[PDB]
Structure formats: structure tokens, C-alpha cells
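Protein chains in written order, with PDB author numbering: chain A, 1 to 99; chain B, 1 to 99.
Working notes, structure below.
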Ligand SMILES: CCOP(=O)(COc1ccc(C[C@H](NC(=O)O[C@H]2CO[C@H]3OCC[C@H]32)[C@H](O)CN(CC(C)C)S(=O)(=O)c2ccc3c(c2)OCO3)cc1)OCC
């Protein structure tokens with residue numbers, strides 16, 4: 001679909017079998033979700049944002065459905081202010097910016 | 001144009017008579033730019049993201065040209081690690097997400 005930007009581009013995602021709300025974020029290299037339980041091994045990682053660095057759990061090769069479109073990729077779980085879908089998954093569902 | 005997301009969506013902007021590079025960022029409510037002397041009055045503000053908050057100066061009705069398209073709105077100036085064009089200006093140049 002075509003999504004305008006007068007409101008936040010929030011969409012429903014499905015991950016670990018559960019539905020959540022997330023923000024489509026072209027300024028994020030990576031996908032970062034709020035604290036949750038996910039099945040699968042994970043390794044400690046650090047990621048930096050506007051305010052500094054946070055500690056996250058890196059889950060690799062995670063299945064995630066974004067507005068019905070399937071992606072399989074890296075998901076970081078940690079103290080982010082909002083669930084963000086980054087370019088690592090936006091590219092898998094074929095997202096582009098147009099103006 | 002159409003901008004794919006394999007790499008960061010970096011574009012040239014013109015603001016305050018100077019050229020800079022900035023990210024087209026659908027996850028940013030507001031536009032945040034590196035420290036620069038803009039003439040005029042401003043108001044202090046705090047904006048937050050991953051890692052916490054930074055202190056910025058809010059300027060209103062600022063002229064920015066983005067890849068040939070003109071926009072006018074609020075610009076936040078401060079010690080940000082990256083320049084982001086947020087939704088307040090992206091809506092003005094008719095930018096949409098498409099997948
Ligand atoms: C030079 C490198 O420095 P750096 O590595 C980090 O640089 C940065 C690079 C890009 C961005 C843009 C930010 N992306 C992001 O956080 O992505 C991370 C996950 O993927 C990674 O890729 C990029 C960083 C990692 C989002 O798009 C927008 N954000 C809001 C989202 C809801 C979170 S926002 O900026 O907080 C913000 C903008 C305007 C606002 C506002 C909040 O509120 C009102 O208006 C920030 C910092 O180290 C830091 C010490």
C-alpha cells in the first residue's frame with residue numbers, strides 16, 4: 001500500500017506468534033522492539049540512538065510479518081521508546097520512499 | 001524520485017543558505033539538525049529516542065529545500081549524532097512509504 005506521513009506510520013506486526021504495533025522507521029538501520037519474550041538463542045549487543053547506547057538481545061533469523069508481508073531477519077529486543085521496524089526488514093518487504 | 005532502502009536514505013538539503021546532508025526519516029516526528037547558527041528567536045526543547053534525551057533549540061517557520069522541493073516548518077537544532085528530516089517536513093514534499 002501507499003502510506004502517507006501525517007500520522008505516525010504504525011502497523012501491526014506478528015512476531016513469536018503475537019501481534020504488536022510498530023513504527024516503520026527509515027532512519028533506523030536495525031529493528032528494535034520493546035522488552036518481550038522471544039524463543040530462540042540470542043547474543044548480547046549494543047546499539048546507539050539519538051541519546052546514546054543501549055543494551056539489547058540480538059535474535060537472528062526471526063520470522064516477522066509486517067502488514068501481512070513476511071520477513072526473516074535480525075530483531076533486537078531492548079529498552080527502546082517504541083517498537084521500530086528498520087531498513088533490515090523494510091528492504092525485505094519491498095519498501096521504498098517516493099516523492 | 002524513488003529511494004530504495006538498501007543504504008541510508010541520505011539527501012542534500014539547503015537550510016539557512018547552506019548545504020547539508022540529512023536522512024529522510026519516517027520514524028522522526030520532528031526535524032533535527034546538527035548545531036548551526038540560525039538567526040531569529042528559538043525555544044528550548046528536549047527530544048528523546050533510543051539511549052535517552054538531548055537538548056535542542058526549536059526554530060519555527062524555517063525554509064528547507066530537499067532535493068528540489070521546498071518546505072517550511074519547525075527545525076530543531078542541537079548536538080544530534082545525525083541530521084534527520086522528520087514527518088513535519090516530509091509530508092510537505094509529498095513523501096510516502098510504498099510496499
Ligand atoms: C553517527 C552515528 O551515531 P550513533 O550510532 C546513532 O546515530 C543515529 C542514527 C539515526 C537516528 C534516527 C532514529 N533511528 C534510530 O534510533 O536507529 C537505531 C536502530 O538502527 C540503528 O540505526 C540508526 C541508529 C540505530 C529514528 O529514525 C528516529 N528516532 C525516533 C525513533 C522512534 C527511535 S530519534 O532520532 O530518537 C528522533 C528524531 C526526531 C524527533 C524525536 C526522536 O522525538 C521528537 O522528534 C538516531 C541516531 O550513536 C549514538 C551515540
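Yeah, the Cβ is synthetic: ideal placement off N, Cα and C, and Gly gets one too.
If you draw a straight line from the Cα of residue 42/A to the Cα of residue 59/A, it comes to about 5 angstroms. In the three-state reduction of the DSSP assignment, residue 98/B falls in the strand class.
Close CB contacts of residue 35/B within its chain, under the 7 angstroms cut and outside five residues either way in sequence, are with 77, 78 and 79 (chain order). Sequence-distant partners of residue 85/A (beyond 5 residues in either direction) whose C-beta falls short of 8 angstroms from its own C-beta, in its chain, are 11, 13, 22, 23, 24, 25, 28, 31 and 66. By the neighbour-count criterion, in which a residue is buried when 16 or more other Cβ atoms sit within 10 angstroms of its Cβ, residue 72/A is exposed. Within chain A, the residues placing a beta-carbon under 9 angstroms from that of residue 25/B are 25, 26, 27 and 28, ordered along the chain.
The beta carbon of residue 46/B is closer than 8 angstroms to those of 53, 54, 55 and 56 in its chain, skipping five residues each way along the sequence.
Counting only Cβ-Cβ distances below 8 angstroms, residue 96/B has contacts in chain A at 2, 3, 4, 5, 97, 98 and 99, in chain order.
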